[PDB]
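So for the sequence shown, this note's numbering puts the first residue at 1444; every next one is plus one.
From the three backbone atoms N, C-alpha and C, an ideal C-beta is built for every residue, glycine too.
Structure first, then comments.
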Amino acid sequence: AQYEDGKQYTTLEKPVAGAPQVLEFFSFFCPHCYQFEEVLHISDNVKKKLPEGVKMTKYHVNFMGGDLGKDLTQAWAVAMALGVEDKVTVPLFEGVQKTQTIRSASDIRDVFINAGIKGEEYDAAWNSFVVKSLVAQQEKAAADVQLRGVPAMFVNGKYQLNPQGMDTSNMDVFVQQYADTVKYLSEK
């Protein structure tokens, strides 16, 4: 076939019921994730090719960057709860990997403050039980597919994108191939 199990995607031996339709995992410590965000705009290009009625989910993971890696998963929960993902994603990636100015929870917080979220609003969110359950959801979704690598994308809790099996001569071509694959898996 043109799309083949083990080529552009793999199948989960243990499918995850009730899983989000399009579920992406990343870490602000993850070099390919930086690329996926800043250079390739993967999430964005997938969305433009997804059918009507499909929801897109993106979660942070703990297993990179130790203590700071966990802080970042809680901060991403804050970002989701406040709806400010699109204002902090780029400065978080650059603060962690480019300028290396993020070294503590306080520096993460500075990024939100500079993005215009208020101190009081950030700290309240940070400490809220709504953010706690949001952290739990990120961990549970990663746990369900026993996730040991990022970037990662899963479609309908059954299929896993396999970017290694796509050409990287050309970044635009890699992205379209990636997105068409999601669309194909989406319709499966």
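query: Three-state secondary structure assigned by DSSP to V1521; result: helix
query: Per DSSP, cross-strand counterpart(s) of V1598; result: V1465, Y1602
query: As assigned by DSSP and simplified to three states, the class of residue 1433; result: Because residue 1433 is not part of the residues shown, which for the chain are 1444 to 1631, the question remains open.
query: Proximal residues to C1473 (C-beta, below 8 angstroms), its chain only, five neighbours per side dropped; result: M1507, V1593, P1594
query: For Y1565, the residue or residues it bridges with in DSSP; result: Partner(s): none; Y1565 has no beta bridge.
query: Other residues of its chain near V1588: CB distance less than 7 angstroms, five sequence neighbours each side excluded; result: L1455, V1459, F1597
query: Which of helix, strand or coil DSSP assigns to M1609; result: coil
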